Amino acid sequence: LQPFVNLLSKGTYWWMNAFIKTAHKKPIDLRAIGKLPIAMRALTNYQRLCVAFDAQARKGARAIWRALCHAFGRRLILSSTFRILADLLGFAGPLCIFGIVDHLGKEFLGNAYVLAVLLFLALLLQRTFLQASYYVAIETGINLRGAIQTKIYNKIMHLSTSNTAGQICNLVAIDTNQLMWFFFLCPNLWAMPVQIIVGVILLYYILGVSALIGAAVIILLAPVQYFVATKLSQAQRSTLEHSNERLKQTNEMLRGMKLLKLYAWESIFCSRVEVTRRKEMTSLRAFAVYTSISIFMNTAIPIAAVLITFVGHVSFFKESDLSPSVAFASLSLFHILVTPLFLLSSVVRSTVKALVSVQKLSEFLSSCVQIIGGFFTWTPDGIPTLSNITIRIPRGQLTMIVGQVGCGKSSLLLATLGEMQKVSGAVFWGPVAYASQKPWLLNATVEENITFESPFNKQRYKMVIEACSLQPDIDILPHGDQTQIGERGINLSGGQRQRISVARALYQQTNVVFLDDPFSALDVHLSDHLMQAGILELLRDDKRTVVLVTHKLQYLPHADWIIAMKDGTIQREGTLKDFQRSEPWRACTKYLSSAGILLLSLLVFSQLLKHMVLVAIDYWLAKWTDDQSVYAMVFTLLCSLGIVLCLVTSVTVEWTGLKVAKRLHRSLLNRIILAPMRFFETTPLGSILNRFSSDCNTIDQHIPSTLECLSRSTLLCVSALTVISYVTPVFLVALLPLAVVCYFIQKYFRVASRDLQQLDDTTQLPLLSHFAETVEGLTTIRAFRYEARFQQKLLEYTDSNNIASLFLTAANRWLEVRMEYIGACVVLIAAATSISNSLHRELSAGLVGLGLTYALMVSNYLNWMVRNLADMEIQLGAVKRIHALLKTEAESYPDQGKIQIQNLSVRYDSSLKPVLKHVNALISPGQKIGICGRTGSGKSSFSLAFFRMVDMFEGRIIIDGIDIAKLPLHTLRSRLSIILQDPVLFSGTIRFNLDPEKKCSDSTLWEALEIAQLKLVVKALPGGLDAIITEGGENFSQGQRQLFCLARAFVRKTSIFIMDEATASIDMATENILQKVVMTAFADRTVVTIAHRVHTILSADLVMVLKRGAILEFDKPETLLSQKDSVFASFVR
Ligand SMILES: Nc1ncnc2c1ncn2[C@@H]1O[C@H](COP(=O)(O)OP(=O)(O)OP(=O)(O)O)[C@@H](O)[C@H]1O
Ligand SMILES: O=C(O)[C@H](CC(=O)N1C[C@H]2CCCC[C@H]2C1)Cc1ccccc1
């Protein structure tokens, strides 16, 4: 609430003080953050931008710039006016140091004390204009993002469906941010020229022509600073290529982990991910080189400029003798030109990226029922897709739209709606509940999807779910209801999704309903259930106009009207009779522990030795000004020794950063591979994967750079407070109060800012997610006429994004205003005490300048120390949670088919109910054993029990004379065939997905593919036995993929085969093909089949029934059918 408060509280952000103190105690919630001010709302900014657009266009890429300039120009020069005004008041430090030091070494301005309060007042007054300049630029930048995101969205509700779903979200998340961040750094575009030009002009007057030569070096090194920034960002992209390639290879490893650990291919796929990692680490060296140079230039160009400015002034020109006032006033000017001169690279880089974004943004912004005649074409001009489409469906009566495949069926429905440009014809036609041919699901609850922003009724909902008969399906789902169906509907199944969209159509209370192929993936049994109960007994009962378009003609007789489509034309439209007649410092220690004692010693000793040179340089200047070639000799040497150490301390932090980033990931990968199968099922995949994506990214690129920023600022602030204390020892008395105050300000910030950074991120996701939802189901939204209702949901989402981001900026300004006040209070104590000592005691004029030139800079170092420490705390969440995951568990480490089980006391998990108990069996070599039982009756345990994956087997299994327990895991899994229920084939060649051990012969591998009756399609692939297959994908069918897994099984030749519900998720013909292959090809080798199919184990040598723990296991299935009273298997079959 900055506008309401007065000028003083607004400048000092006193209104934020109570919020900070309150948030320190309890976490920030949406209730804690208030509603947005009227002036800064998404709707208000959007209306202002629309007014600007109307004004500009009333008389392209130029227009949007004019509208952005017109709407947000008044609150932008007001930001630039402060920035310029703060720049001029900035030179009241360097100029007043000139005044103070000169008077000591030699009209109220003639007094040294008077200038000590002018230095105090100007520094106090500058460091609020500068901060109020940052805020108003930010508050305009954030208010702009609110206006554009609404502007982008209001275009989405219009664009034709002929066209890029992911581009629009990218346009919101990246292209708008680059435009927003241009308005953060917009005033600098007019303030760098003013601040630098006055700066360089001042240096000439203070020091002479020699100040230009030193000033030219810094300016001339801005392009080289910029060039490194270009080479770095190129290197980051090339690293981003391998990281995305790595995450694909890792994701396939975690998802299909059970298949891998069954075949003992965990090491092979772990080896393949490391090969991609090493390439990423190679491309990450160049990112370290061009980050090392970037740190080297930013701390060795200021030193180089000082070296050439002073040495050149005394050696070449032989001008006026160097004096403490001139040398230290000029030195303090360099410290305040480098910050503008080194950010100018990022300002130009941002401006060239903002020019692209606007052009990219302006490219996006430019993109019953009776019909008379009618010609509709998806293209703006071309062959009309619908021709002679003249229809008149009745009101309140069901109508069927039936025709050939791909012949104007779904287009005609969209022709009735407004998504088809009319070449000609006349159409006259409220909101319509349209069940899309391709169903779309909101990223929300199953209850939310069906109600779809409509009031809930208990009776209505009960009938709908019973009619669609999707409730029994949700019963098997992991959650009873309110399941979070994310993007793409991965949680739900294809057939289940189709019902939901039809359920959404059937739930709504509207007169006209267009159900576009409700039975596309609906089973024939349920399809009649949905049609009879829902379409007829529910939809037709309510006197609701229903239009249905499906291939199943069985429901044609139960239809008032029916139309026939031919070649995209409505040939005839009549009734059935008419138609028939016509036709954490603990984590930081863990991070620095892995670097190595050698590097860690070199890292620490280089930092401490560098800042004993960067002070011994400045102290030597204070001794110099008071033989004159001798002083230049030592000062040149120290400047070179300062530069050399700036190179060493820039390589080491990056060299260390790679050494940890390499070891931490590699040590992480080898740990989860050895985790037992129980760990992967219990822990959600999202938890493990995000460690490899974000945390291994934060350590790769963010920690090493931040660790340098925090270590460089902390030592500078220690050096600044030591030099300023050696000059005036009385300053130590005031150091304790300013240490206690500076601690609490740091504490309340880190507590409050950490909350808002998390709150900022968690409100970003709903905003982007809403853009994806709108574009994916744009046709459905405009069918319900929920465009206005959906657009309103954006304003709430983006307002909760701005206010969460408008406190993160008011928190930073709160901190920087406090520290700059503390720093402006240190400069008074430093000035007051040194001048007291210099005039009365025997202090020198040079040491006075040395104290002041650090007092001015102790405000910045205090600010970087607390801001970097805030970021270093957050970025150490990467190491903290990796080290937690890194301590997971670790598993310990066939000639004849005789397998024996000793009581099989196997427990599905630690300290749980035993799945199977007291199960004794003995299968002779070369015998086909079958296992059948109820779902969850322990049959599924015996499948994984033979592979020691059940980690609590309190019994014994003897296979071919040995024990499956004593033998090591990677030597027992590798010699036992398995066929999981759901087939999976991982990315790689066919030769590298059927024998990754690279031991199979080329001729043999072809026979195995042919043995599975698969050689024809395999040979048909390009290359042959080397075609680059994709994970799942379309290169193979579901029957073929399950068929290929049989070929992979035949490759092992382990003489013991275990099949676990291979029949499921397969075709009936393929099951006969698979069963015939197993019966014929695998005649020997003791095939064991655990499945629910009746006919799978009918011909087996022996069949074992499974009760809660064990049931009758008749060796002869023929005897079992008679003995079981035709109940156990005969009745089930
Ligand atoms: N973005 C698009 N650009 C061009 N044509 C399009 C586009 N979207 C759809 N179409 C047209 O719509 C046709 C499919 O709809 P149509 O009603 O003609 O067939 P259908 O019988 O409903 O098909 P299906 O069984 O695939 O649902 C395509 O063949 C194409 O001519
Ligand atoms: O001190 C800072 O360096 C500023 C940090 C800050 O205030 N914010 C708030 C913004 C919210 C939206 C996204 C994050 C930014 C970061 C950034 C900045 C603003 C203006 C000028 C220079 C730097």
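Basis of the calculations
- Residues numbered from 1 in each chain as written, not as in the entry; some residues may be left out.
- Chains lettered and ligands numbered in written order.
- Heavy atoms only, no water.
- Residues with missing side-chain atoms left out of burial classes, pairs and counts.
- Helix = DSSP H or I, 4+ residues; strand = E, 2+ residues; numbered from the N terminus.
- Pairing = 2+ DSSP bridges.
- Axes fitted to C-alpha atoms, helices over the stretch in contact; angles between N-to-C directions.
- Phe/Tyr/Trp six-rings, centres within 6.5 Å; stacked < 30°, edge-to-face > 60°.
- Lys NZ or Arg CZ within 6 Å of the ring centre and 35° of its normal.
- Parallel < 35°, antiparallel > 145°, perpendicular 65-115°, else oblique.
- Contact = heavy atoms within 4.5 Å.
- Nonpolar A, V, L, I, M, F, W, Y, C, P; charged D, E, K, R; others polar.
- Left-handed = near helix turned anticlockwise from the far one by under 90°.
- Salt bridge = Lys/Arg side-chain N within 4 Å of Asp/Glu carboxyl O.
- Domains from an automatic or database assignment.
- Expected span 1.5 Å × (residues − 1).
- Bend = angle between axes of the 7 residues up to and from the residue.

The record names cryo-EM as the way this model was obtained, at a resolution of 3.21 Å.

(A) Local environment of the overall build of the protein chain. Scanning the protein chain from terminus to terminus reveals 41 helices and 22 strands. If you line up the protein chain on its principal axes, its C-alpha atoms span 120 × 85 × 55 Å.

(B) Main features of the sheet that holds strand β21 (residues 1087-1090). Spatially, β20-β21-β15-β22 is the arrangement adopted by the four strands of the open sheet, whose pairing is parallel. Each end of this open sheet is capped by a strand with a single partner; those strands are β20 (1057-1060) and β22 (1102-1106). Direction aside, the axes of adjacent strands within the sheet are offset by 15° on average. One ladder, built from four bridges, connects β20 with β21; its direction is parallel. If you follow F1057 over to β21, its bridge partner there is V1087.

(C) Structural detail: the sheet that holds strand β11 (residues 899-902). Spatially, β14-β11-β16-β17 is the arrangement adopted by the four strands of the open sheet, whose pairing is antiparallel. The open sheet is flanked by β14 (921-923) and β17 (962-963), the only strands paired with a single partner. Here β11 pairs with β14 via three bridges, running antiparallel. Residue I899 lies in a different strand from β14, and its bridge partner there is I923.

(D) Here's a closer look at unusual backbone geometry. Notably, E1061 is not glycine yet its phi reads approximately 55°, a positive angle. Relative to the helices and strands, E1061 resides in the loop between β20 and α40 (1068-1080).

(E) Region of the structure containing the pairing of strand β15 (residues 929-933). In this sheet, β21 lies alongside β15 in parallel orientation, the contact comprising three bridges. Its bridge partner being in β21, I931 is matched across the sheet by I1090. Pairing geometry for β15 and β22, over five bridges, is parallel. If you follow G933 over to β22, its bridge partner there is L1106.

(F) Layout of the packing of aromatic side chains. Between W440 and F452 the ring centres are 6.3 Å apart and the planes differ by 85°, which places this aromatic pair in the edge-to-face class. Linking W440 in the loop between β6 (432-435) and α16 (446-451) with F452 in the loop between α16 and α17 (458-468), this pair joins segments that are 12 residues apart in sequence. Taking the centre distance of 6.5 Å and the plane angle of 55° together, the rings of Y619 and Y726 count as tilted. Ring pairs connect the aromatic residues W440, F452, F784, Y786 and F790, which therefore count as one cluster. Directly above the ring of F53 sits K151, whose terminal nitrogen or CZ lies 5.6 Å from the centroid. Between the NZ or CZ atom of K793 and the centre of the ring of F790, over which it lies, the distance is 5.3 Å.

(G) Spatial organisation of the packing of helix α3 (residues 42-57) against helix α7 (residues 112-156). Where α3 contacts α7, the two axes come as close as 8 Å, and the packing angle between them is 75°. By the criterion of interaxial angle, the relationship of α3 to α7 is roughly perpendicular. Across the interface between the two elements, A42, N45, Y46, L49 and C50 from α3 touch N143, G146, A147, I148, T150, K151 and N154 from α7. Grouping the constituent residues of the contact of α3 with α7 by class yields six nonpolar, five polar and one charged.

(H) The arrangement of the packing of helix α11 (residues 222-255) against helix α14 (residues 324-364) in detail. Direction vectors running N to C along α11 and α14 enclose 50°, while the axes themselves pass 9 Å from each other. One way to sum up the angle between α11 and α14 is to call them oblique. As for how α11 packs across α14, the hand of that crossing is right-handed. Along the contact surface, α11 presents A222, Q225, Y226, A229, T230 and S233, while α14 presents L341, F342, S345 and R349. Here the residues of the contact of α11 with α14 are counted per class, giving five nonpolar, four polar and one charged.

(I) Layout of the pattern of salt bridges. A salt bridge links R246 to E280; the nearest nitrogen and oxygen atoms lie 3.0 Å apart. Of this pair, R246 sits in helix α11 while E280 is found in helix α13 (residues 266-315), placing the two residues 34 residues apart along the sequence. Overlapping salt bridges bring together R246, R277, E280 and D700 as one network.

(J) Fine view of the domain arrangement of the protein chain. As far as domains go, the protein chain holds domain 1 (25-363 + 594-885), domain 2 (369-582) and domain 3 (926-939 + 964-1123). For domain 1 versus domain 3, the distance between C-alpha centres works out to 58 Å. Between domain 1 and domain 3, the contact holds 10 residues from the first and 14 residues from the second. Elements with a minimum of two residues in the side of domain 1 that touches domain 3: α12 (257-263) and α13.

(K) Spotlight on helix α20 (residues 524-539). With 16 residues, α20 should cover 22 Å at 1.5 Å per step; its first-to-last C-alpha distance of 19 Å lies more than 12% under that length. Largest kink in α20: about 25°, centred on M531.

(L) Just the environment of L689, in detail. Its place among the elements puts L689 in helix α27 (residues 685-727). A sequence separation of 148 residues divides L689 from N837, and the C-alpha atoms of the two residues are 63 Å apart. Filtering out sequence-adjacent residues up to four positions away, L689 remains in contact with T250, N251 and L254.

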